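Coordinates as given in my_file.cif (mmCIF, N, CA, C and O atoms):
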```cif
data_start
#
loop_
_atom_site.label_atom_id
_atom_site.label_comp_id
_atom_site.auth_asym_id
_atom_site.auth_seq_id
_atom_site.Cartn_x
_atom_site.Cartn_y
_atom_site.Cartn_z
N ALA P 2 93.31 86.61 97.42
CA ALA P 2 94.12 87.48 96.58
C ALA P 2 95.51 87.68 97.18
O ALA P 2 95.68 87.66 98.39
N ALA P 3 96.49 87.90 96.31
CA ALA P 3 97.89 88.02 96.71
C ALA P 3 98.35 89.48 96.71
O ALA P 3 99.48 89.79 96.34
N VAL P 4 97.46 90.39 97.10
CA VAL P 4 97.77 91.81 97.08
C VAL P 4 98.36 92.23 98.43
O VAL P 4 98.12 91.60 99.46
N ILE P 5 99.13 93.32 98.41
CA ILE P 5 99.80 93.82 99.60
C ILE P 5 99.30 95.19 100.02
O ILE P 5 99.63 95.64 101.14
N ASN P 6 98.54 95.89 99.18
CA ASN P 6 98.15 97.27 99.49
C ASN P 6 97.28 97.33 100.74
O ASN P 6 97.45 98.23 101.57
N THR P 7 96.34 96.41 100.89
CA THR P 7 95.52 96.34 102.08
C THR P 7 95.44 94.89 102.56
O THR P 7 95.40 93.96 101.75
N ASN P 8 95.44 94.72 103.88
CA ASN P 8 95.43 93.40 104.50
C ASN P 8 94.15 93.30 105.32
O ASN P 8 94.08 93.81 106.44
N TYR P 9 93.13 92.64 104.76
CA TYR P 9 91.87 92.49 105.47
C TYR P 9 92.03 91.66 106.73
O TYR P 9 91.38 91.94 107.75
N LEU P 10 92.89 90.63 106.69
CA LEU P 10 93.12 89.81 107.87
C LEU P 10 93.69 90.64 109.01
O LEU P 10 93.30 90.48 110.17
N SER P 11 94.63 91.54 108.69
CA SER P 11 95.19 92.41 109.72
C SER P 11 94.12 93.30 110.32
O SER P 11 94.09 93.51 111.54
N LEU P 12 93.22 93.83 109.49
CA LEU P 12 92.15 94.68 110.01
C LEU P 12 91.22 93.91 110.93
O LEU P 12 90.82 94.41 111.99
N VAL P 13 90.86 92.68 110.54
CA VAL P 13 89.98 91.87 111.38
C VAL P 13 90.66 91.56 112.71
O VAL P 13 90.05 91.64 113.78
N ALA P 14 91.95 91.21 112.66
CA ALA P 14 92.70 90.96 113.88
C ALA P 14 92.74 92.20 114.77
O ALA P 14 92.63 92.10 115.99
N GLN P 15 92.90 93.38 114.16
CA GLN P 15 92.89 94.62 114.93
C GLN P 15 91.55 94.83 115.62
O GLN P 15 91.50 95.23 116.79
N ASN P 16 90.45 94.56 114.91
CA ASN P 16 89.13 94.71 115.52
C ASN P 16 88.97 93.78 116.71
O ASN P 16 88.52 94.19 117.79
N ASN P 17 89.31 92.50 116.54
CA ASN P 17 89.15 91.56 117.64
C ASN P 17 90.06 91.92 118.81
O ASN P 17 89.67 91.77 119.97
N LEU P 18 91.27 92.41 118.52
CA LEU P 18 92.16 92.86 119.58
C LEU P 18 91.54 94.03 120.34
O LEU P 18 91.64 94.09 121.57
N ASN P 19 90.91 94.96 119.63
CA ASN P 19 90.28 96.09 120.30
C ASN P 19 89.12 95.64 121.18
O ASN P 19 88.95 96.15 122.29
N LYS P 20 88.31 94.69 120.70
CA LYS P 20 87.22 94.18 121.53
C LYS P 20 87.75 93.50 122.79
O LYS P 20 87.25 93.74 123.90
N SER P 21 88.79 92.67 122.64
CA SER P 21 89.37 92.01 123.80
C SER P 21 89.95 93.03 124.77
O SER P 21 89.82 92.88 125.99
N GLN P 22 90.57 94.09 124.25
CA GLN P 22 91.15 95.11 125.11
C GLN P 22 90.07 95.89 125.85
O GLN P 22 90.25 96.28 127.00
N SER P 23 88.93 96.15 125.19
CA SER P 23 87.83 96.82 125.88
C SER P 23 87.30 95.96 127.01
O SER P 23 87.00 96.46 128.11
N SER P 24 87.16 94.65 126.77
CA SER P 24 86.74 93.75 127.85
C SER P 24 87.76 93.75 128.98
O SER P 24 87.39 93.76 130.16
N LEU P 25 89.05 93.73 128.64
CA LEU P 25 90.08 93.80 129.67
C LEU P 25 89.99 95.09 130.46
O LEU P 25 90.15 95.09 131.68
N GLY P 26 89.72 96.20 129.78
CA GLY P 26 89.63 97.48 130.47
C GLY P 26 88.48 97.53 131.44
O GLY P 26 88.63 97.98 132.58
N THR P 27 87.30 97.08 131.01
CA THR P 27 86.17 97.10 131.93
C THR P 27 86.38 96.14 133.10
O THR P 27 86.04 96.47 134.24
N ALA P 28 86.98 94.97 132.84
CA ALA P 28 87.28 94.06 133.94
C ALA P 28 88.27 94.67 134.92
O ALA P 28 88.12 94.53 136.14
N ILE P 29 89.30 95.35 134.41
CA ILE P 29 90.30 95.95 135.27
C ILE P 29 89.70 97.07 136.10
O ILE P 29 90.00 97.20 137.29
N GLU P 30 88.85 97.90 135.49
CA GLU P 30 88.18 98.95 136.26
C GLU P 30 87.31 98.35 137.36
O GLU P 30 87.34 98.82 138.51
N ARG P 31 86.54 97.31 137.04
CA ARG P 31 85.67 96.72 138.05
C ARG P 31 86.47 96.04 139.15
O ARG P 31 86.01 95.98 140.30
N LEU P 32 87.65 95.52 138.83
CA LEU P 32 88.50 94.92 139.86
C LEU P 32 89.12 95.98 140.75
O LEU P 32 89.14 95.85 141.98
N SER P 33 89.64 97.05 140.15
CA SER P 33 90.32 98.09 140.92
C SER P 33 89.34 98.83 141.82
O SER P 33 89.59 98.98 143.03
N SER P 34 88.23 99.30 141.26
CA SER P 34 87.26 100.03 142.07
C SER P 34 86.53 99.11 143.04
O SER P 34 86.13 99.54 144.12
N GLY P 35 86.34 97.85 142.66
CA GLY P 35 85.52 96.94 143.43
C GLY P 35 84.04 97.12 143.22
O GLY P 35 83.25 96.39 143.84
N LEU P 36 83.63 98.05 142.36
CA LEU P 36 82.23 98.34 142.09
C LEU P 36 81.92 97.89 140.67
O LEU P 36 82.56 98.34 139.72
N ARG P 37 80.94 97.00 140.54
CA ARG P 37 80.54 96.56 139.21
C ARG P 37 79.98 97.71 138.39
O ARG P 37 80.30 97.86 137.21
N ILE P 38 79.15 98.55 139.01
CA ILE P 38 78.49 99.65 138.32
C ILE P 38 79.22 100.95 138.69
O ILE P 38 78.90 101.63 139.67
N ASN P 39 80.22 101.28 137.89
CA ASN P 39 80.83 102.60 137.87
C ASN P 39 80.93 103.03 136.42
O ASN P 39 81.02 102.18 135.53
N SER P 40 80.91 104.34 136.18
CA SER P 40 80.80 104.87 134.82
C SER P 40 79.50 104.36 134.17
O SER P 40 79.50 103.51 133.28
N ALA P 41 78.40 104.93 134.65
CA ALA P 41 77.04 104.39 134.58
C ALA P 41 76.67 103.72 133.26
O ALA P 41 75.69 102.97 133.21
N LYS P 42 77.40 104.01 132.18
CA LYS P 42 77.18 103.37 130.89
C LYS P 42 76.95 101.86 131.01
O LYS P 42 76.25 101.27 130.18
N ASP P 43 77.51 101.23 132.03
CA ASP P 43 77.16 99.85 132.36
C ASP P 43 76.05 99.86 133.42
O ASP P 43 76.24 100.38 134.52
N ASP P 44 74.90 99.28 133.08
CA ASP P 44 73.76 99.18 133.99
C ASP P 44 73.32 100.56 134.48
O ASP P 44 73.42 100.90 135.66
N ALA P 45 72.84 101.37 133.53
CA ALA P 45 72.48 102.76 133.84
C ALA P 45 71.41 102.83 134.93
O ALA P 45 71.50 103.66 135.84
N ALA P 46 70.39 101.97 134.85
CA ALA P 46 69.38 101.94 135.91
C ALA P 46 69.97 101.41 137.21
O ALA P 46 69.54 101.81 138.29
N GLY P 47 70.95 100.51 137.11
CA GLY P 47 71.57 99.98 138.30
C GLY P 47 72.24 101.05 139.14
O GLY P 47 72.16 101.03 140.37
N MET P 48 72.92 102.00 138.49
CA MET P 48 73.57 103.06 139.25
C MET P 48 72.55 103.98 139.90
O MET P 48 72.78 104.46 141.02
N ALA P 49 71.42 104.24 139.24
CA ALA P 49 70.38 105.03 139.89
C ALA P 49 69.84 104.32 141.12
O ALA P 49 69.65 104.94 142.18
N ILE P 50 69.60 103.02 141.01
CA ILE P 50 69.08 102.27 142.16
C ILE P 50 70.11 102.24 143.28
O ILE P 50 69.77 102.40 144.46
N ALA P 51 71.39 102.04 142.94
CA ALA P 51 72.43 102.03 143.96
C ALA P 51 72.61 103.40 144.59
O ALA P 51 72.92 103.51 145.78
N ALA D 2 108.64 88.23 48.29
CA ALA D 2 109.44 87.66 47.21
C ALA D 2 110.89 88.13 47.31
O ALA D 2 111.55 87.93 48.33
N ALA D 3 111.38 88.74 46.23
CA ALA D 3 112.74 89.27 46.18
C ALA D 3 112.77 90.78 46.41
O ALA D 3 113.64 91.47 45.87
N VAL D 4 111.85 91.30 47.21
CA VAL D 4 111.77 92.73 47.46
C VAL D 4 112.70 93.11 48.60
O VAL D 4 112.86 92.35 49.57
N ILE D 5 113.34 94.27 48.48
CA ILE D 5 114.20 94.79 49.53
C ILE D 5 113.81 96.19 49.98
O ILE D 5 114.21 96.59 51.08
N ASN D 6 113.07 96.95 49.18
CA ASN D 6 112.66 98.28 49.59
C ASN D 6 111.76 98.24 50.82
O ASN D 6 111.93 99.03 51.75
N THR D 7 110.80 97.32 50.83
CA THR D 7 109.86 97.17 51.94
C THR D 7 109.98 95.76 52.51
O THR D 7 110.03 94.79 51.75
N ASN D 8 110.04 95.67 53.83
CA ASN D 8 110.16 94.39 54.53
C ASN D 8 108.91 94.22 55.40
O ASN D 8 108.86 94.68 56.54
N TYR D 9 107.91 93.53 54.85
CA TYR D 9 106.64 93.37 55.56
C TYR D 9 106.83 92.60 56.86
O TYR D 9 106.19 92.92 57.87
N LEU D 10 107.69 91.58 56.85
CA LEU D 10 107.90 90.77 58.04
C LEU D 10 108.44 91.60 59.19
O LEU D 10 108.02 91.43 60.34
N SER D 11 109.38 92.51 58.90
CA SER D 11 109.90 93.38 59.95
C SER D 11 108.81 94.26 60.53
O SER D 11 108.76 94.48 61.74
N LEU D 12 107.93 94.78 59.68
CA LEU D 12 106.83 95.61 60.17
C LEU D 12 105.90 94.81 61.08
O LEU D 12 105.49 95.30 62.14
N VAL D 13 105.56 93.59 60.68
CA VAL D 13 104.69 92.76 61.52
C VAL D 13 105.36 92.47 62.85
O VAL D 13 104.72 92.54 63.91
N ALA D 14 106.65 92.13 62.82
CA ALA D 14 107.37 91.85 64.05
C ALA D 14 107.42 93.07 64.95
O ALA D 14 107.26 92.96 66.17
N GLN D 15 107.64 94.25 64.37
CA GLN D 15 107.67 95.48 65.16
C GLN D 15 106.32 95.76 65.80
O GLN D 15 106.25 96.16 66.96
N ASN D 16 105.23 95.55 65.05
CA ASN D 16 103.91 95.78 65.62
C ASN D 16 103.64 94.82 66.78
O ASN D 16 103.14 95.23 67.84
N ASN D 17 103.96 93.54 66.60
CA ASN D 17 103.76 92.58 67.69
C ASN D 17 104.63 92.91 68.89
O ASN D 17 104.19 92.76 70.04
N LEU D 18 105.86 93.35 68.65
CA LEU D 18 106.74 93.75 69.74
C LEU D 18 106.17 94.95 70.48
O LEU D 18 106.28 95.04 71.71
N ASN D 19 105.58 95.89 69.75
CA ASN D 19 104.95 97.04 70.40
C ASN D 19 103.78 96.61 71.27
O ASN D 19 103.61 97.12 72.39
N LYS D 20 102.97 95.67 70.79
CA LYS D 20 101.89 95.15 71.63
C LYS D 20 102.43 94.49 72.89
O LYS D 20 101.92 94.71 74.00
N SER D 21 103.48 93.68 72.73
CA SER D 21 104.08 93.01 73.88
C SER D 21 104.63 94.02 74.88
O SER D 21 104.48 93.85 76.09
N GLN D 22 105.27 95.08 74.38
CA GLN D 22 105.84 96.08 75.27
C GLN D 22 104.76 96.89 75.97
O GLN D 22 104.93 97.29 77.12
N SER D 23 103.63 97.14 75.30
CA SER D 23 102.51 97.79 75.97
C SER D 23 101.98 96.92 77.10
O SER D 23 101.68 97.41 78.20
N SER D 24 101.85 95.61 76.85
CA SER D 24 101.42 94.71 77.92
C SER D 24 102.42 94.71 79.07
O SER D 24 102.03 94.73 80.24
N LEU D 25 103.72 94.70 78.75
CA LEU D 25 104.74 94.75 79.78
C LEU D 25 104.66 96.04 80.58
O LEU D 25 104.85 96.04 81.79
N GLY D 26 104.40 97.16 79.90
CA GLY D 26 104.29 98.43 80.60
C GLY D 26 103.11 98.45 81.56
O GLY D 26 103.23 98.92 82.69
N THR D 27 101.96 97.94 81.12
CA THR D 27 100.81 97.87 82.02
C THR D 27 101.12 96.96 83.21
O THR D 27 100.80 97.30 84.36
N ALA D 28 101.75 95.82 82.96
CA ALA D 28 102.10 94.91 84.04
C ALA D 28 103.08 95.56 85.02
O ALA D 28 102.93 95.42 86.23
N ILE D 29 104.07 96.28 84.49
CA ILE D 29 105.07 96.92 85.34
C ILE D 29 104.43 98.01 86.20
O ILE D 29 104.72 98.14 87.39
N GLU D 30 103.55 98.81 85.59
CA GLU D 30 102.88 99.86 86.35
C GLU D 30 102.02 99.26 87.46
O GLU D 30 102.06 99.73 88.61
N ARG D 31 101.25 98.22 87.14
CA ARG D 31 100.42 97.59 88.16
C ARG D 31 101.26 96.93 89.24
O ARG D 31 100.87 96.92 90.41
N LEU D 32 102.41 96.38 88.87
CA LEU D 32 103.30 95.76 89.85
C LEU D 32 103.87 96.80 90.80
O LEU D 32 103.83 96.63 92.03
N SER D 33 104.41 97.89 90.26
CA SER D 33 105.05 98.90 91.09
C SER D 33 104.03 99.60 91.98
O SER D 33 104.24 99.72 93.20
N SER D 34 102.93 100.08 91.40
CA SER D 34 101.94 100.78 92.21
C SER D 34 101.15 99.82 93.09
O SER D 34 100.73 100.20 94.19
N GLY D 35 100.95 98.59 92.64
CA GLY D 35 100.14 97.62 93.34
C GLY D 35 98.66 97.71 93.04
O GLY D 35 97.91 96.82 93.45
N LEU D 36 98.22 98.72 92.30
CA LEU D 36 96.81 98.97 92.05
C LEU D 36 96.46 98.49 90.65
O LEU D 36 97.06 98.95 89.67
N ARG D 37 95.50 97.58 90.56
CA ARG D 37 95.02 97.15 89.25
C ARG D 37 94.33 98.30 88.52
O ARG D 37 94.49 98.46 87.31
N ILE D 38 93.55 99.10 89.25
CA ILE D 38 92.84 100.23 88.67
C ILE D 38 93.73 101.45 88.86
O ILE D 38 93.69 102.14 89.88
N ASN D 39 94.56 101.72 87.87
CA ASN D 39 95.35 102.93 87.79
C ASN D 39 95.28 103.45 86.37
O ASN D 39 95.07 102.68 85.43
N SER D 40 95.47 104.77 86.21
CA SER D 40 95.42 105.39 84.88
C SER D 40 94.06 105.13 84.22
O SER D 40 93.92 104.30 83.32
N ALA D 41 93.06 105.86 84.72
CA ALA D 41 91.64 105.58 84.58
C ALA D 41 91.22 105.08 83.20
O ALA D 41 90.15 104.47 83.07
N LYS D 42 92.03 105.34 82.17
CA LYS D 42 91.86 104.66 80.90
C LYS D 42 91.72 103.15 81.06
O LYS D 42 91.18 102.49 80.17
N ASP D 43 92.20 102.60 82.17
CA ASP D 43 91.99 101.20 82.52
C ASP D 43 90.89 101.11 83.57
O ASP D 43 91.04 101.66 84.67
N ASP D 44 89.80 100.42 83.24
CA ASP D 44 88.68 100.17 84.15
C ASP D 44 88.08 101.49 84.66
O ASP D 44 88.15 101.83 85.84
N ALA D 45 87.50 102.23 83.71
CA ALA D 45 87.02 103.58 83.99
C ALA D 45 86.00 103.60 85.12
O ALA D 45 86.14 104.36 86.09
N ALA D 46 84.96 102.76 85.02
CA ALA D 46 83.97 102.70 86.10
C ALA D 46 84.57 102.13 87.37
O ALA D 46 84.11 102.45 88.48
N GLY D 47 85.59 101.29 87.23
CA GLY D 47 86.25 100.74 88.41
C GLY D 47 86.88 101.82 89.27
O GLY D 47 86.79 101.76 90.50
N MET D 48 87.53 102.80 88.64
CA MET D 48 88.12 103.88 89.43
C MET D 48 87.06 104.76 90.06
O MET D 48 87.26 105.27 91.17
N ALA D 49 85.93 104.96 89.39
CA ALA D 49 84.84 105.70 90.02
C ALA D 49 84.35 104.98 91.27
O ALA D 49 84.18 105.59 92.33
N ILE D 50 84.16 103.66 91.18
CA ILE D 50 83.72 102.89 92.33
C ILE D 50 84.78 102.92 93.43
O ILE D 50 84.46 103.06 94.62
N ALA D 51 86.05 102.79 93.05
CA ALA D 51 87.13 102.81 94.03
C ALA D 51 87.23 104.16 94.72
O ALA D 51 87.48 104.22 95.93
#
```
When written as structure tokens, how does the structure in this file appear?
Amino acid sequence: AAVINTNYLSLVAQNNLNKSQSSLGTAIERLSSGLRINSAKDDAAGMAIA
Amino acid sequence: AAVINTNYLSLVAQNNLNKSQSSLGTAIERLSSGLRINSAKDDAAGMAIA
């Protein structure tokens, strides 16, 4: 469709950008802290064991 | 025939012109707003779904 009111492609690109940014954020946190398991939401049992 | 009081052809042309202008008005409104479903008289259930 040749409509301008809403751009589905832009929305999909925004979603994929957000996913990539979340991956970048978790990678950056794990690099800076040096700890894979911080903010227990990743590997919740792992943080208890550690 | 040779009648001048009433001009049937002019009336028919005016009616067709009115139909054309109504179509132009709907097209102009949809163009400016961008919404096909506007003025709920057009696509009544469509506006409910929207």
Kindly resolve the PyMOL selection byres ((chain D) within 8 of (chain P)) on the present coordinates and return the residues as a tab-separated table (two decimals) with N, CA, C and O atoms, in the coordinates of the input.
```tsv
chain	number	residue	atom	x	y	z
D	34	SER	N	102.93	100.08	91.40
D	34	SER	CA	101.94	100.78	92.21
D	34	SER	C	101.15	99.82	93.09
D	34	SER	O	100.73	100.20	94.19
D	35	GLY	N	100.95	98.59	92.64
D	35	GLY	CA	100.14	97.62	93.34
D	35	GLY	C	98.66	97.71	93.04
D	35	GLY	O	97.91	96.82	93.45
D	36	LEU	N	98.22	98.72	92.30
D	36	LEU	CA	96.81	98.97	92.05
D	36	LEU	C	96.46	98.49	90.65
D	36	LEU	O	97.06	98.95	89.67
```
Once chain D is superposed on chain P with a least-squares fit on all C-alpha pairs taken in order, can you show it as a short mmCIF file (atom, residue, chain, number, x, y, z; two decimals) with N, CA, C and O atoms, in the coordinates of the input?
```cif
data_model
loop_
_atom_site.label_atom_id
_atom_site.label_comp_id
_atom_site.auth_asym_id
_atom_site.auth_seq_id
_atom_site.Cartn_x
_atom_site.Cartn_y
_atom_site.Cartn_z
N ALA D 2 93.95 87.30 98.20
CA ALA D 2 94.75 86.73 97.12
C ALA D 2 96.20 87.19 97.22
O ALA D 2 96.86 86.98 98.24
N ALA D 3 96.70 87.79 96.14
CA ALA D 3 98.06 88.31 96.09
C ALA D 3 98.10 89.82 96.33
O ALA D 3 98.98 90.50 95.79
N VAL D 4 97.18 90.35 97.12
CA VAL D 4 97.11 91.78 97.37
C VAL D 4 98.05 92.15 98.52
O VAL D 4 98.20 91.39 99.49
N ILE D 5 98.69 93.31 98.40
CA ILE D 5 99.56 93.82 99.45
C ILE D 5 99.18 95.22 99.90
O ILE D 5 99.58 95.62 101.00
N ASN D 6 98.44 95.99 99.10
CA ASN D 6 98.04 97.32 99.51
C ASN D 6 97.14 97.29 100.73
O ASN D 6 97.32 98.08 101.66
N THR D 7 96.17 96.38 100.74
CA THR D 7 95.23 96.23 101.85
C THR D 7 95.34 94.82 102.42
O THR D 7 95.38 93.85 101.66
N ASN D 8 95.40 94.73 103.74
CA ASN D 8 95.51 93.45 104.44
C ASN D 8 94.25 93.29 105.31
O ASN D 8 94.21 93.75 106.45
N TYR D 9 93.25 92.61 104.76
CA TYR D 9 91.98 92.46 105.47
C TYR D 9 92.16 91.69 106.77
O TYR D 9 91.52 92.01 107.78
N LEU D 10 93.01 90.66 106.76
CA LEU D 10 93.21 89.85 107.95
C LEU D 10 93.76 90.67 109.10
O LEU D 10 93.34 90.51 110.25
N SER D 11 94.71 91.58 108.81
CA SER D 11 95.23 92.44 109.86
C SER D 11 94.15 93.33 110.44
O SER D 11 94.10 93.55 111.65
N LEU D 12 93.27 93.86 109.59
CA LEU D 12 92.18 94.70 110.08
C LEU D 12 91.24 93.90 110.99
O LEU D 12 90.83 94.40 112.05
N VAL D 13 90.89 92.69 110.59
CA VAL D 13 90.01 91.86 111.42
C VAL D 13 90.68 91.57 112.75
O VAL D 13 90.04 91.64 113.81
N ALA D 14 91.97 91.22 112.73
CA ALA D 14 92.68 90.93 113.96
C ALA D 14 92.74 92.15 114.86
O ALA D 14 92.58 92.04 116.08
N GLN D 15 92.97 93.33 114.28
CA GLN D 15 93.01 94.56 115.07
C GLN D 15 91.66 94.85 115.71
O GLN D 15 91.59 95.25 116.87
N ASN D 16 90.57 94.65 114.95
CA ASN D 16 89.25 94.89 115.52
C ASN D 16 88.97 93.93 116.68
O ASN D 16 88.48 94.34 117.74
N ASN D 17 89.28 92.65 116.50
CA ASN D 17 89.07 91.69 117.59
C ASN D 17 89.95 92.01 118.79
O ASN D 17 89.50 91.87 119.94
N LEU D 18 91.18 92.44 118.56
CA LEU D 18 92.06 92.84 119.65
C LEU D 18 91.50 94.04 120.39
O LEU D 18 91.61 94.13 121.62
N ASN D 19 90.92 94.99 119.66
CA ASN D 19 90.30 96.14 120.30
C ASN D 19 89.12 95.72 121.17
O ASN D 19 88.95 96.23 122.29
N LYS D 20 88.30 94.79 120.69
CA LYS D 20 87.22 94.27 121.53
C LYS D 20 87.75 93.61 122.79
O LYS D 20 87.24 93.83 123.90
N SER D 21 88.80 92.79 122.63
CA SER D 21 89.39 92.12 123.78
C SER D 21 89.95 93.12 124.78
O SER D 21 89.79 92.95 125.99
N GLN D 22 90.59 94.18 124.28
CA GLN D 22 91.17 95.17 125.18
C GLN D 22 90.10 95.99 125.87
O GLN D 22 90.27 96.39 127.02
N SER D 23 88.97 96.25 125.20
CA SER D 23 87.85 96.91 125.87
C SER D 23 87.32 96.04 127.00
O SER D 23 87.02 96.54 128.10
N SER D 24 87.18 94.73 126.75
CA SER D 24 86.74 93.84 127.82
C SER D 24 87.74 93.83 128.97
O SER D 24 87.34 93.85 130.14
N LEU D 25 89.04 93.81 128.65
CA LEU D 25 90.05 93.85 129.68
C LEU D 25 89.98 95.14 130.48
O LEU D 25 90.17 95.14 131.69
N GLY D 26 89.73 96.26 129.80
CA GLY D 26 89.63 97.54 130.50
C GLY D 26 88.45 97.56 131.46
O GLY D 26 88.57 98.03 132.59
N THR D 27 87.30 97.06 131.02
CA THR D 27 86.15 97.00 131.92
C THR D 27 86.45 96.09 133.11
O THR D 27 86.13 96.43 134.26
N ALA D 28 87.07 94.94 132.86
CA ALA D 28 87.41 94.03 133.94
C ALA D 28 88.39 94.67 134.92
O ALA D 28 88.24 94.54 136.13
N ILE D 29 89.39 95.39 134.39
CA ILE D 29 90.39 96.02 135.24
C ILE D 29 89.76 97.11 136.10
O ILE D 29 90.05 97.24 137.29
N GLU D 30 88.89 97.92 135.49
CA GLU D 30 88.23 98.98 136.25
C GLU D 30 87.36 98.38 137.36
O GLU D 30 87.40 98.85 138.51
N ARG D 31 86.58 97.35 137.04
CA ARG D 31 85.75 96.72 138.06
C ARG D 31 86.58 96.06 139.14
O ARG D 31 86.19 96.05 140.31
N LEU D 32 87.72 95.50 138.77
CA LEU D 32 88.61 94.87 139.75
C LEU D 32 89.19 95.91 140.70
O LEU D 32 89.14 95.74 141.93
N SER D 33 89.73 96.99 140.16
CA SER D 33 90.38 98.00 140.99
C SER D 33 89.37 98.71 141.88
O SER D 33 89.57 98.82 143.10
N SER D 34 88.27 99.20 141.30
CA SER D 34 87.28 99.90 142.11
C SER D 34 86.49 98.95 142.99
O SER D 34 86.07 99.33 144.09
N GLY D 35 86.28 97.72 142.54
CA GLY D 35 85.46 96.76 143.24
C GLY D 35 83.98 96.86 142.94
O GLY D 35 83.22 95.97 143.34
N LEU D 36 83.55 97.87 142.20
CA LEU D 36 82.14 98.13 141.94
C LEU D 36 81.79 97.65 140.54
O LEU D 36 82.39 98.11 139.56
N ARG D 37 80.82 96.75 140.45
CA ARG D 37 80.34 96.33 139.14
C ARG D 37 79.66 97.48 138.41
O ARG D 37 79.82 97.64 137.20
N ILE D 38 78.89 98.29 139.14
CA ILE D 38 78.18 99.42 138.56
C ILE D 38 79.08 100.64 138.75
O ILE D 38 79.05 101.33 139.77
N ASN D 39 79.92 100.90 137.76
CA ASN D 39 80.72 102.10 137.68
C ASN D 39 80.65 102.62 136.26
O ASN D 39 80.44 101.86 135.32
N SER D 40 80.85 103.94 136.10
CA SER D 40 80.81 104.56 134.77
C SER D 40 79.45 104.31 134.11
O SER D 40 79.30 103.48 133.21
N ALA D 41 78.45 105.05 134.61
CA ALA D 41 77.03 104.78 134.47
C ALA D 41 76.61 104.29 133.09
O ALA D 41 75.54 103.68 132.95
N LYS D 42 77.42 104.54 132.06
CA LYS D 42 77.25 103.86 130.79
C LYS D 42 77.10 102.35 130.95
O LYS D 42 76.55 101.70 130.06
N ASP D 43 77.57 101.80 132.06
CA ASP D 43 77.35 100.40 132.41
C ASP D 43 76.25 100.32 133.45
O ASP D 43 76.40 100.87 134.56
N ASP D 44 75.15 99.64 133.12
CA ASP D 44 74.03 99.40 134.03
C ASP D 44 73.44 100.72 134.54
O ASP D 44 73.51 101.06 135.72
N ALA D 45 72.87 101.46 133.59
CA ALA D 45 72.40 102.82 133.87
C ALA D 45 71.38 102.85 135.00
O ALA D 45 71.52 103.60 135.97
N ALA D 46 70.33 102.01 134.90
CA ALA D 46 69.34 101.96 135.98
C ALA D 46 69.93 101.39 137.25
O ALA D 46 69.47 101.71 138.36
N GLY D 47 70.95 100.54 137.11
CA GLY D 47 71.60 99.98 138.29
C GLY D 47 72.24 101.06 139.15
O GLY D 47 72.14 101.00 140.38
N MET D 48 72.89 102.03 138.52
CA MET D 48 73.49 103.11 139.31
C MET D 48 72.44 104.00 139.94
O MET D 48 72.64 104.51 141.05
N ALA D 49 71.31 104.21 139.27
CA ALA D 49 70.23 104.95 139.90
C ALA D 49 69.73 104.24 141.15
O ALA D 49 69.56 104.85 142.21
N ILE D 50 69.53 102.92 141.06
CA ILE D 50 69.08 102.15 142.21
C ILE D 50 70.14 102.17 143.31
O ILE D 50 69.82 102.32 144.50
N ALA D 51 71.41 102.03 142.93
CA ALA D 51 72.49 102.05 143.91
C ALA D 51 72.60 103.40 144.60
O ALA D 51 72.85 103.45 145.81
#
```
Exercise for the section: To one decimal in Å, tell me the separation between atom N of residue 30 in chain P and CA of residue 10 in chain P. Expected result: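 The value is 29.1 Å.
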Practice task
Could you jot down the atom N of residue 27 in chain P to atom O of residue 41 in chain P separation for me, Å, one decimal place?
Solution key: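 Pair atom N of residue 27 in chain P / atom O of residue 41 in chain P returns 13.2 Å.
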Exercise for the section: In Å, rounded to a single decimal, give me how far CA of residue 14 in chain D is from atom C of residue 31 in chain D. Expected result: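 Pair atom C of residue 31 in chain D / CA of residue 14 in chain D returns 26.4 Å.
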